[PDB]
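One structure below.
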Amino acid sequence: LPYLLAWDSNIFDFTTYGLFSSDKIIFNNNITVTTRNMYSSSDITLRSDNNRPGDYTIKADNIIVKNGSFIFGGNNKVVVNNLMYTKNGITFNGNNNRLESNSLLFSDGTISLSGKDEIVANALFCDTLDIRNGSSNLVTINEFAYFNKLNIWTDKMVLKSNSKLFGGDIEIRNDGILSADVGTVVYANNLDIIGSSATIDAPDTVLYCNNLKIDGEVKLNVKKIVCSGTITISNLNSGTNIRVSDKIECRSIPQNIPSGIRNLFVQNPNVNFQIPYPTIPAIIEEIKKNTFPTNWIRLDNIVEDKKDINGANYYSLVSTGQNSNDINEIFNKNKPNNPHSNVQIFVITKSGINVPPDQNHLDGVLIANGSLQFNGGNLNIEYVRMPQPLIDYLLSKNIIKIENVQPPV
Ligand SMILES: [Zn+2]
């Protein structure tokens, strides 16, 4: 069942994607995207929202950045119901951003906050989670975070009830705050808490580490610490702000402990633990395989242009990219000065797609082997399923393949 976390067979169905690029997706200021699935190979870049009328910048079921990062620009609000995956990280800029991930957030890279940024996650996997820049950040964990490195150097990370941290090393310094509710557990290799403002406020939490380093009059309020390796203490003279309601159980009680906390320590030379790391979800395994996405979407199978799959409320284009102007030509079928008469637009192309700056409302799908670049802002994008005659065409040419994918067991 942990193997099936965030499994979504529509990931492999390219008729469920509103935006796809085999290179980059470059947004512009004040774009609001409502989509089902979105894929990019290289980076997806947002710009700052300084005049965005929407509740959200992007609302999606799934966002996948197979060979790139996801870059925030400022005041962007992103909601991903199922999974957000990036290879190379998630980089917050500009402050005031929000990322809401309701099942799985996974990066092979660094997730880095800027200040006044919020992440609300259920399961989170990453190489490094940086809560260091600015102040008034908030990373809330509903199930777990699993990481090689967690740096908390400002406010804050909250562990909701019964959630877990799986490290990796954890380093809290400067104004770093880790707060944790009932039933929480923290596992780490190295756990370092440095200075008089570094805080763990987790009175019901058990912390397991190999090495524990405390430098200064840290603020620790926890239930139990287990240390199987070495406890290194320095600049610790009173320990007034170290509260441990059960015990610090450790392989070797360290020398020169202040007398007022000496009581806390209990020596157990055999103390040991084996961290019960979550398995990598099957969906992530499959996304990372070289079969994805080209088993199911093959833009190189576009060997002819198809320009007559149009209807009363839509225009389509399947383009080899030989004619530069065909893409401007389809976009000009939508007058931005006439809202109620908006028609749907479906573009599938071996070229990139540069969306003209006068577009302000697009319903449909944009699928490009080159980059997808919005040359303007102040635009609302909403996914609409491709018309059936277009899907049938794409399938006939094996530009897409739809397979009866099932969750593995
Ligand atoms: Zn619309």
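All residue names refer to the structure tokens as shown: chains lettered A, B, ... in order, residues numbered from 1 in each chain, ligands numbered from 1 in order.
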
Can you pull out every residue with an atom within 8 Å of ligand 1? Use only C-alpha atoms and all ligand atoms and format it as JSON, numbers by chain.
{"A": [361, 362, 363, 380, 381, 382, 383]}

Selection above as a file: C-alpha atoms, as a PDB file, in the first residue's frame:
```pdb
ATOM      1  CA  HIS A 361      -8.058  33.313 -22.143  1.00  0.00           C
ATOM      2  CA  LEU A 362      -7.186  29.889 -23.522  1.00  0.00           C
ATOM      3  CA  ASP A 363      -9.228  26.699 -23.119  1.00  0.00           C
ATOM      4  CA  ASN A 380      -6.182  32.366 -17.717  1.00  0.00           C
ATOM      5  CA  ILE A 381      -5.450  28.811 -19.099  1.00  0.00           C
ATOM      6  CA  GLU A 382      -7.949  26.056 -18.562  1.00  0.00           C
ATOM      7  CA  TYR A 383      -7.593  22.438 -19.688  1.00  0.00           C
TER       8      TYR A 383
END
```

Can you pull out every residue within 12 Å of residue 97 of chain A, counting only C-alpha atoms, but drop anything in the same chain fewer than 3 positions away, and send it as a short mmCIF file (atom, residue, chain, number, x, y, z; two decimals) with C-alpha atoms, in the first residue's frame?
```
data_model
loop_
_atom_site.label_atom_id
_atom_site.label_comp_id
_atom_site.auth_asym_id
_atom_site.auth_seq_id
_atom_site.Cartn_x
_atom_site.Cartn_y
_atom_site.Cartn_z
CA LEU A 46 6.83 30.94 -12.82
CA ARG A 47 7.09 34.77 -12.67
CA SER A 48 5.89 36.90 -9.85
CA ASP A 49 2.17 37.51 -9.39
CA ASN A 50 1.66 41.22 -8.79
CA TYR A 56 -4.25 30.12 -7.39
CA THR A 57 -1.56 30.38 -9.90
CA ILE A 58 -1.63 26.65 -10.82
CA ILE A 71 10.95 27.61 -10.02
CA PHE A 72 8.60 29.96 -8.15
CA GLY A 73 8.67 33.73 -8.88
CA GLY A 74 6.81 35.30 -5.97
CA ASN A 75 3.32 35.42 -4.55
CA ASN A 76 2.52 32.21 -6.58
CA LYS A 77 -0.01 29.77 -5.14
CA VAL A 78 0.30 26.16 -6.49
CA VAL A 79 -2.04 23.30 -5.57
CA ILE A 90 12.02 23.17 -6.26
CA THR A 91 13.28 26.75 -5.85
CA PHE A 92 11.22 29.44 -4.15
CA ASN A 93 11.95 33.09 -5.05
CA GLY A 94 10.26 36.37 -4.37
CA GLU A 100 -0.07 22.64 -1.37
CA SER A 112 14.63 25.79 -1.04
CA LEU A 113 12.42 28.42 0.66
CA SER A 114 12.89 32.23 0.18
CA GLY A 115 10.91 33.76 3.06
CA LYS A 116 7.20 34.09 3.81
CA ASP A 117 6.85 30.82 1.79
CA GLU A 118 4.58 27.92 2.76
CA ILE A 119 4.59 24.22 1.87
CA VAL A 120 1.72 22.05 3.07
CA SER A 136 8.04 33.52 8.49
CA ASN A 137 8.25 30.37 6.32
CA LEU A 138 6.11 27.41 7.21
CA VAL A 139 6.65 23.80 6.12
#
```

Would you please work out which residue, of A:391, A:26, A:129, A:409, is nearest to residue 352 of chain A when using only C-alpha atoms?
A:26

What's the separation between atom CA of residue 22 of chain A and atom CA of residue 319 of chain A, in Å to one decimal place?
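These two atoms are separated by 14.9 Å.
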
Could you work out how far atom CA of residue 158 of chain A lies from atom CA of residue 180 of chain A, giving the answer in Å with one decimal?
5.6 Å

Shell around residue 312 of chain A at 12 Å using only C-alpha atoms, local window under 6 positions removed, as a PyMOL selection string:
chain A and resi 333+341-345+387

Can you write just those residues out, C-alpha atoms, as a PDB file, in the first residue's frame?
```pdb
ATOM      1  CA  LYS A 333      -8.617  32.491 -34.346  1.00  0.00           C
ATOM      2  CA  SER A 341     -16.898  34.224 -28.434  1.00  0.00           C
ATOM      3  CA  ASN A 342     -13.699  32.386 -27.246  1.00  0.00           C
ATOM      4  CA  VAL A 343     -13.070  29.099 -29.059  1.00  0.00           C
ATOM      5  CA  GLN A 344     -11.021  26.256 -27.828  1.00  0.00           C
ATOM      6  CA  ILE A 345      -7.498  25.791 -29.063  1.00  0.00           C
ATOM      7  CA  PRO A 387     -12.024  16.724 -29.199  1.00  0.00           C
TER       8      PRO A 387
END
```

Just give me the gap between atom CA of residue 122 of chain A and atom CA of residue 103 of chain A in Å, one decimal is fine.
5.4 Å

Please determine, counting only C-alpha atoms, which residue among A:367, A:226, A:124, A:185 has the shortest atom-to-atom distance to residue 39 of chain A.
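When distances to residue 39 of chain A are compared using only C-alpha atoms, the smallest one comes from A:367.
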
Selection: 10 Å around residue 156 of chain A, only C-alpha atoms, excl. self and same-chain fewer than 3 positions, as a list in words:
residues 118, 131, 132, 135, 136, 137, 138, 139, 140, 152, 153, 175, 176, 177, 178, 179 and 199 of chain A

Can you pull out every residue within 8 Å of segment 271-280 of chain A, counting only C-alpha atoms, but drop anything in the same chain fewer than 6 positions away, and send it as a PyMOL selection string?
chain A and resi 2-3+146+166+187+208+226-228+249-251

Next, dump the selected residues to file, keeping only N, CA, C and O atoms, as a PDB file, in the first residue's frame.
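Writing the result to selection-v5.pdb gives the following:
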```
ATOM      1  N   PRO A   2       1.940   1.401   0.815  1.00  0.00           N
ATOM      2  CA  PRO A   2       2.975   2.495   0.598  1.00  0.00           C
ATOM      3  C   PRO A   2       3.622   2.485  -0.795  1.00  0.00           C
ATOM      4  O   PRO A   2       4.104   3.510  -1.270  1.00  0.00           O
ATOM      5  N   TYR A   3       3.644   1.308  -1.433  1.00  0.00           N
ATOM      6  CA  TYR A   3       4.169   1.200  -2.781  1.00  0.00           C
ATOM      7  C   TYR A   3       3.243   1.968  -3.700  1.00  0.00           C
ATOM      8  O   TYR A   3       3.709   2.596  -4.697  1.00  0.00           O
ATOM      9  N   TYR A 146      11.181  12.773   4.139  1.00  0.00           N
ATOM     10  CA  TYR A 146      12.288  11.878   4.026  1.00  0.00           C
ATOM     11  C   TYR A 146      13.294  12.618   3.210  1.00  0.00           C
ATOM     12  O   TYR A 146      12.996  13.079   2.114  1.00  0.00           O
ATOM     13  N   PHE A 166      12.308  11.355   8.428  1.00  0.00           N
ATOM     14  CA  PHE A 166      13.262  10.310   8.115  1.00  0.00           C
ATOM     15  C   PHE A 166      14.519  10.955   7.505  1.00  0.00           C
ATOM     16  O   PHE A 166      14.534  11.249   6.280  1.00  0.00           O
ATOM     17  N   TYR A 187      13.718  10.549  13.015  1.00  0.00           N
ATOM     18  CA  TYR A 187      14.919   9.762  12.789  1.00  0.00           C
ATOM     19  C   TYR A 187      16.001  10.520  12.019  1.00  0.00           C
ATOM     20  O   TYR A 187      15.713  11.168  11.024  1.00  0.00           O
ATOM     21  N   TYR A 208      15.527   9.954  17.431  1.00  0.00           N
ATOM     22  CA  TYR A 208      16.555   8.959  17.303  1.00  0.00           C
ATOM     23  C   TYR A 208      17.681   9.533  16.409  1.00  0.00           C
ATOM     24  O   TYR A 208      17.396  10.001  15.310  1.00  0.00           O
ATOM     25  N   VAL A 226      17.286   9.273  21.782  1.00  0.00           N
ATOM     26  CA  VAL A 226      18.096   8.076  21.694  1.00  0.00           C
ATOM     27  C   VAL A 226      19.282   8.415  20.865  1.00  0.00           C
ATOM     28  O   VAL A 226      19.122   8.816  19.726  1.00  0.00           O
ATOM     29  N   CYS A 227      20.505   8.235  21.357  1.00  0.00           N
ATOM     30  CA  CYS A 227      21.665   8.543  20.586  1.00  0.00           C
ATOM     31  C   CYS A 227      22.537   7.251  20.590  1.00  0.00           C
ATOM     32  O   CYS A 227      23.055   6.870  21.644  1.00  0.00           O
ATOM     33  N   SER A 228      22.742   6.601  19.432  1.00  0.00           N
ATOM     34  CA  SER A 228      23.561   5.372  19.366  1.00  0.00           C
ATOM     35  C   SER A 228      25.013   5.625  19.178  1.00  0.00           C
ATOM     36  O   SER A 228      25.824   4.696  19.347  1.00  0.00           O
ATOM     37  N   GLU A 249      18.756   8.519  26.209  1.00  0.00           N
ATOM     38  CA  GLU A 249      19.349   7.201  26.270  1.00  0.00           C
ATOM     39  C   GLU A 249      20.465   7.146  25.274  1.00  0.00           C
ATOM     40  O   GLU A 249      20.252   7.401  24.078  1.00  0.00           O
ATOM     41  N   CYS A 250      21.660   6.875  25.733  1.00  0.00           N
ATOM     42  CA  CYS A 250      22.826   7.047  24.867  1.00  0.00           C
ATOM     43  C   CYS A 250      23.875   5.960  25.146  1.00  0.00           C
ATOM     44  O   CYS A 250      23.923   5.394  26.228  1.00  0.00           O
ATOM     45  N   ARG A 251      24.635   5.658  24.137  1.00  0.00           N
ATOM     46  CA  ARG A 251      25.704   4.657  24.194  1.00  0.00           C
ATOM     47  C   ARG A 251      26.716   5.021  25.280  1.00  0.00           C
ATOM     48  O   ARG A 251      27.168   4.143  26.037  1.00  0.00           O
TER      49      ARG A 251
END
```

DSSP alpha helix (DSSP H) selection over segment 317-358 of chain A, as number ranges by chain
A: 325-331

Store the residues picked out above, limited to C-alpha atoms, as a PDB file, in the first residue's frame.
```
ATOM      1  CA  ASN A 325       3.401  31.020 -38.827  1.00  0.00           C
ATOM      2  CA  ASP A 326       0.807  28.223 -38.374  1.00  0.00           C
ATOM      3  CA  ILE A 327       0.912  28.655 -34.588  1.00  0.00           C
ATOM      4  CA  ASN A 328       0.377  32.434 -34.765  1.00  0.00           C
ATOM      5  CA  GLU A 329      -2.382  31.635 -37.263  1.00  0.00           C
ATOM      6  CA  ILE A 330      -4.320  29.394 -34.827  1.00  0.00           C
ATOM      7  CA  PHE A 331      -3.966  31.781 -31.980  1.00  0.00           C
TER       8      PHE A 331
END
```

Please determine, counting only C-alpha atoms, which residue among A:370, A:376, A:54, A:339 has the shortest atom-to-atom distance to residue 357 of chain A.
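Closest to residue 357 of chain A, using only C-alpha atoms: A:376.
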
Could you give me, as a ChimeraX atom specification, the residues within 10 Å of residue 204 of chain A, counting only C-alpha atoms and dropping anything in the same chain fewer than 2 positions from it?
/A:161,180-185,201-202,206-207,221-224,244-246

Contact residues around residue 215 of chain A with only C-alpha atoms at 6 Å, ignoring same-chain residues under 5 positions, as a list in words
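My reading of the contact set: residues 194, 195, 233, 234 and 235 of chain A.
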
DSSP on the backbone, then: every residue of segment 9-191 of chain A marked strand (DSSP E), written as a VMD selection string.
chain A and resid 17 to 21 25 to 26 31 to 34 37 to 40 44 to 45 58 to 65 70 to 71 77 to 86 90 to 91 98 to 107 110 to 112 118 to 131 138 to 152 157 to 159 164 to 166 169 to 173 177 to 180 185 to 187 190 to 191
